[PDB]
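Participant:
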Amino acid sequence: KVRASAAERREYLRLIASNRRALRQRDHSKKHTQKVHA
Amino acid sequence: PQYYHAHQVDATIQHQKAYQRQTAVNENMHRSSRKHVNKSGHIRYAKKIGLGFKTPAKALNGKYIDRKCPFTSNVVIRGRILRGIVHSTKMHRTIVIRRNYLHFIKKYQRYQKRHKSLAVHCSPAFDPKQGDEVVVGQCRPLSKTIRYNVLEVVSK
Amino acid sequence: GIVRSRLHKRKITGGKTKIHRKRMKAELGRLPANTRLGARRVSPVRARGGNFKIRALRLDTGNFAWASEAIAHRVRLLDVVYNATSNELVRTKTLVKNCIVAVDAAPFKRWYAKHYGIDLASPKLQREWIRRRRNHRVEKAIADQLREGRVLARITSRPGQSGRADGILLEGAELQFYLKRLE
Amino acid sequence: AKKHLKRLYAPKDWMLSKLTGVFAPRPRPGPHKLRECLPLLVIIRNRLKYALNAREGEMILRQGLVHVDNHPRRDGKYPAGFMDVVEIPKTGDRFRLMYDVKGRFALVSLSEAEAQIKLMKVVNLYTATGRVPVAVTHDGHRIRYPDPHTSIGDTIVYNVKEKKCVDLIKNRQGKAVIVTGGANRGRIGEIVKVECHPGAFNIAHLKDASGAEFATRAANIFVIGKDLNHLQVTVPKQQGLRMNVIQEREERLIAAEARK
RNA sequence: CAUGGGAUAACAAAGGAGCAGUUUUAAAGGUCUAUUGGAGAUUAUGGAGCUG
RNA sequence: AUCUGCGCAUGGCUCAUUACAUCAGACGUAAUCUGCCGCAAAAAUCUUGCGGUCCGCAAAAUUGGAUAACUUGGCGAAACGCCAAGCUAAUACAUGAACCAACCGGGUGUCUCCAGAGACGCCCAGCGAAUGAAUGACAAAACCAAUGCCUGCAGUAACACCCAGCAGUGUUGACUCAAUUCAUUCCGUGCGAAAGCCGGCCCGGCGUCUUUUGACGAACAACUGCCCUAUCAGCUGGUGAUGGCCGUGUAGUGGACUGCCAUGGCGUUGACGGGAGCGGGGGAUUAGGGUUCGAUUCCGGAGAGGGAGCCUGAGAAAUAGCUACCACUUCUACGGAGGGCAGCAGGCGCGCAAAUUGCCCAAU
Ligand SMILES: NC[C@@H]1O[C@H](O[C@H]2[C@@H](O)[C@H](O[C@@H]3[C@@H](O)[C@H](N)C[C@H](N)[C@H]3O[C@H]3O[C@H](CO)[C@@H](O)[C@H](O)[C@H]3N)O[C@@H]2CO)[C@H](N)[C@@H](O)[C@@H]1O
Ligand SMILES: [Mg+2]
Ligand SMILES: [Mg+2]
Ligand SMILES: [Mg+2]
Ligand SMILES: [Mg+2]
Ligand SMILES: [Mg+2]
Ligand SMILES: [Mg+2]
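Quick look at the structure:
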């Protein structure tokens, strides 16, 4: 139950760190798709 | 090059047989971060209390060392927020406010002038004269009679 | 016993308060510790909740911190130098919070030779000393009493409450405050 | 340390008659508040008539036959309160504690799929040791890794069998609540406007299905769905609609005359 | 505690010499953040404000 | 029968005290303690066995000493009094778990590399606690050094491999808080997997340390309110009265308290002192305005013959707990030993004035 509780941290940390990744790569798209335009 | 040249003693605030310092932050940091340092020079602890009260110009850019102060200490303002008028400022760093109210008598269909006086701790951010209207906020006991602490002064 | 109530205090009108209950246990106070210098002897006190509050009698050592360097070292208290409450507490050498003491200064010099490499040569491989030491400089009033042998320091813990004599080294204007009052 | 209740100082929603004994079963600390629960001796004896007295009532409970939120409760003084799910495997009935529109506790009958989830309102959020952010709930639960969009006023759907927070309901303008305190307790309404007033009590303005406008403190509202049609949990038979006192008085006389 | 209505009254301050020019335009002198791939250290130009 | 674990701090009685007190409505605790109960958490600890004298091979850790009851001998007029010896338990007391079994971090010495990078080695790295430091957000180009991708700069999370997104993001109206990083060290005043108990035919019911928070509470603070009295006009302040500075003490805030400094604070809007006596919910009467009563069932406060002071416990300044004195007081074999009905029945007094030394846990 310490391994299972340290497993449910490692997948809460992929819920947090993926949501931060999806915001990195919607902004570096929307910056680069207007940098092409000008 | 090895020597640091620390700050000299500011004798205008240092009167009180122990060194007057703020417990929140250390005055003696060499490369103190931009967290607590104010505009001109020195390290200072200033806090934002709750209910839409703007901290004064002093308590950010002042030099005074106050404990029991709502803006520069661990004193938290909570509970009641009241108003009074300044009655006497004769005590050191403490004022007595006067709260004047009309007490309605249900039998004689008429009001009655009563008053309550409260000892209120007054920060050196503020200099209220007699008759000035203040806003006080409740805090912990700070003395035998001090429960409130001045938040804003409305002049004259 | 000793109580902490306002039942015995006069009203602000000057009137006497007439007492209509016995003393409560929930309003007690206890006799002071009067912690002095000496070899360590402590007596625990059973507080509320069953918690233990360790009275310090006779303390000689503590962890003192050098806050610019963000380190601490277990050093030995030498003397009690200045107390803001009374000069009589200096003479009986009571340890309270905020009293000014002198400490050993030997672990601080040894740390300042091990870290920054300045004495008051052997690892030629690791000169991460050079990665530090350039921006940082040391106050002169510290380095004088550091090599003089004892450093003035300030007690930052409450010994009668915690049974510890932890502290901080006086720096800056705070050292220059207390050096004037002594000499 | 109080250990007794007088039956007059007991809550009125329990509906214990004043002439039957001096004392009422004081609910222990636990999940729900003493003022805001219905202890299991009152459910097994006074609500359901499975027990004629308190002596028959502990023959049921101490034997392990009543389950509050999937776990057998052998305490007659266990505080069961709002959104709890009370199962009984032998009689095959399972109920949910809801407030009806007159403010009293009501036992809403459930299916098997509707009896697995309960809806729980966050009361506090903090970080525990480690860096684990846990969520404190009105039922006393401490969910350790909730949905990261959890704020304090929200509602977590929980599924008490597999202890996994399956869903989240934020507290916003467009949601529907149930009122769990005050004069308006048991009423269901859409949220209209939430008046903040920092330092004091948040006031929440609410509009009912009929259009009746009413307000409460926002610590009294309990959001239970996205709208008044898409409620996440089933509600009692009035469905939060408070009829007029004149119209509901006429209908009982009409129903009693038409019955004879 | 929240909120809106502004009749009547109230607190406060004043005692009227005891008093509180707005914009376009180019010019002079002088004061203590954002970009150049990052971060560190120097460095002139410039924005907006300073006054004659 | 006795060890052990909880309980006896509730309930019940009474209303003597008591006017910046209690109490009511309403707030505060970010100034704090909190057993039982609810949902959770948990990677610290070189221990055993066998062989050899500190090492080797092993592994379901087959741990240690003492007391009751009891027996024996008893002391004493007695006492809800006692002694000595001999036995024996644990979920009492004490001791103690390597490897299975992680991630992550700091400080640091040899070794393969390049003109700083890696491998290895050592010390330290658990929850809680102390002190110190760091987080706990924010609201146009030019040149040199180190460094990033390009074949001069297109475009870009951060990071020298192990994991190319394994936290760049706690909460509040507000925190010096929640939590995390590192520095030092906790010497009993913390941390077992009870070295625990059952049950089913590996699994399931319990029972327990620590840690943490909801809940039931505790303690403090005070916004508005309160009978009569001036044949009571000044009250407080050396020996704390109002405030300020270091401390101390507390569970915590604080003249609560030591030291020092200042000269305040309250009052004809009735202070101060005296008399009446628990405070509300409420009762009686009332067109309206009122005038009265509230010892009494519910809530709160206080007390247990008066007055203290304590122990134990999560909680008592407890009284069907202890210690002492004062006033009464019972047994004695005179050596001594005890008492506490404002619990329920009763008893004597006192008065105008108030019942049964009853049956039962069937209900609450
Ligand atoms: N007045 C109460 C306070 O007493 C304090 O001082 C008091 C003490 O110095 C002293 O009180 C002592 C006390 O220390 C000691 N531990 C116990 C003793 N019973 C008390 O004595 C006091 O009480 C008894 C009975 O009332 C009287 O007989 C005695 O004369 C009186 N001095 O006497 C003073 C009271 O008269 C402070 N002066 C002050 O805080 C305040 O006056
Ligand atoms: Mg026992
Ligand atoms: Mg009365
Ligand atoms: Mg203080
Ligand atoms: Mg009572
Ligand atoms: Mg007497
Ligand atoms: Mg009787």
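If you read the protein sequences in the order shown, they are chains L, R, Z and S.
Position 4 of the first sequence, counted from 1, bears residue number 4 in my numbering, the numbering being contiguous throughout.
Position 71 of the second sequence, counted from 1, bears residue number 109 in my numbering, the numbering being contiguous throughout.
Position 103 of the third sequence, counted from 1, bears residue number 297 in my numbering, the numbering being contiguous throughout.
Position 89 of the fourth sequence, counted from 1, bears residue number 466 in my numbering, the numbering being contiguous throughout.
Just so it is clear, CB atoms sit at the ideal spot from N, CA and C, and this is done for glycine as well.
(1) Let me know if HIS515/S comes out buried or exposed under the rule of 16 or more other beta-carbons within 10 Å of its beta-carbon.
(2) Chain L beta carbons: is any one of them nearer than 8 Å to that of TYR522/S?
(3) With distances taken Cα to Cα, identify the nearest neighbour of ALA560/S among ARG422/S, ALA401/S, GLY480/S, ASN423/S.
(4) Please state whether DSSP places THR288/Z in a helix, a strand or coil.
(5) Residues of chain S with CB closer than 8 Å to the CB of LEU15/L, please, in chain order.
(6) Would you list, in chain order, the members of the region 81-93 of chain R that have their beta-carbon closer than 9 Å to a beta-carbon of chain S?
(7) Anyone know if the C-beta pair for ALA163/R and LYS96/R falls short of 8 Å?
(8) Mind checking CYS293/Z: buried by the 16 CB within 10 Å criterion, or exposed?
(9) Please state whether the Cβ-Cβ distance between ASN597/S and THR532/S is less than 8 Å.
(10) Counting only the same chain and skipping the five closest in sequence on each side, list residues whose C-beta sits under 7 Å from that of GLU171/R.
(11) How many angstroms separate the CA atom of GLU433/S from the CA atom of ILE420/S?
(12) If you count every other CB in all the chains shown that lies within 10 Å of the CB of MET436/S, and 16 or more means buried, which is it?
(13) Does the Cβ of residue 354/S have 16 or more other Cβ atoms within 10 Å, making it buried, or fewer, making it exposed?
(14) Please list the terminal residues of the continuous alpha helix (DSSP H) segment that includes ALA337/Z.
(15) What is the residue span of the beta strand (DSSP E) that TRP260/Z lies within?
(16) Tell me, please, which residues DSSP counts as bridged to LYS1/L.
(17) Give me the Cβ distance between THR229/Z and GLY354/Z, rounded to the nearest whole Å; I'm assuming they're in contact under 8 Å.
(18) Count the C-beta pairs between the region 396-404 of chain S and the region 293-312 of chain Z that are closer than 8 Å, then say yes if the count reaches three, no if not.
(19) Since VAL554/S and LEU583/S should fall inside the 8 Å C-beta cutoff, what is the C-beta to C-beta distance between them, to a whole number of angstroms?
(20) At the 8 Å Cβ level, is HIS153/R part of the contact set with chain Z, yes or no?
(21) Buried or exposed, going by whether 16 or more other CB atoms sit within 10 Å of the CB of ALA315/Z?
(22) Any beta carbon of chain Z sitting closer than 8 Å to that of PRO108/R?
(23) Pull up the DSSP beta-bridge partners for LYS154/R, would you.
(24) What does the alpha-carbon distance come out to for the pair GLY208/Z and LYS182/R?
(25) Quick one: grab the DSSP three-state call for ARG327/Z.
(26) Within the region 73-130 of chain R, note down every full beta strand (DSSP E) run reaching 3 residues or more, in order along the chain.
(27) At a Cβ cut of 8 Å, what residues of the region 261-282 of chain Z count as close to chain R, listed as they run along the chain?
(28) Could you spell out the range, first to last residue, of the beta strand (DSSP E) harbouring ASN19/L?
(29) Grouping DSSP H, G and I as helix and E and B as strand, with all else coil, what is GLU65/R?
(30) Going by CA-CA distance only, name the one from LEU545/S, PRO408/S, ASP604/S that's closest to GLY551/S.
(31) Could you pull the DSSP bridge partners for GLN176/R from this structure?
(32) So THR110/R and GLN60/R are in contact, right, with Cβ under 8 Å, and what is the actual spacing, rounded?
(33) Using a C-beta to C-beta distance shorter than 9 Å, which residues of chain Z count as neighbours of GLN60/R?
Facilitator: Judging by the given coordinates:
(1) buried
(2) yes
(3) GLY480/S
(4) strand
(5) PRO525
(6) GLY88, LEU89, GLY90
(7) yes
(8) buried
(9) no
(10) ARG121, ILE123, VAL192
(11) 13 Å
(12) exposed
(13) The question about residue 354/S has no answer here: the residues shown for chain S are numbered 378 through 637.
(14) 334-342
(15) 255-260
(16) Note: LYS1/L sits in no beta bridge, so no partner.
(17) 6 Å
(18) no
(19) 7 Å
(20) no
(21) exposed
(22) no
(23) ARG137/R
(24) 13 Å
(25) coil
(26) 119-126
(27) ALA261, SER262, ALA278
(28) First-last for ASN19/L: 12-35, but that is the alpha helix (DSSP H), not the beta strand (DSSP E).
(29) coil
(30) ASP604/S
(31) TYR186/R
(32) 7 Å
(33) Simply none; closest approach about 12 Å.
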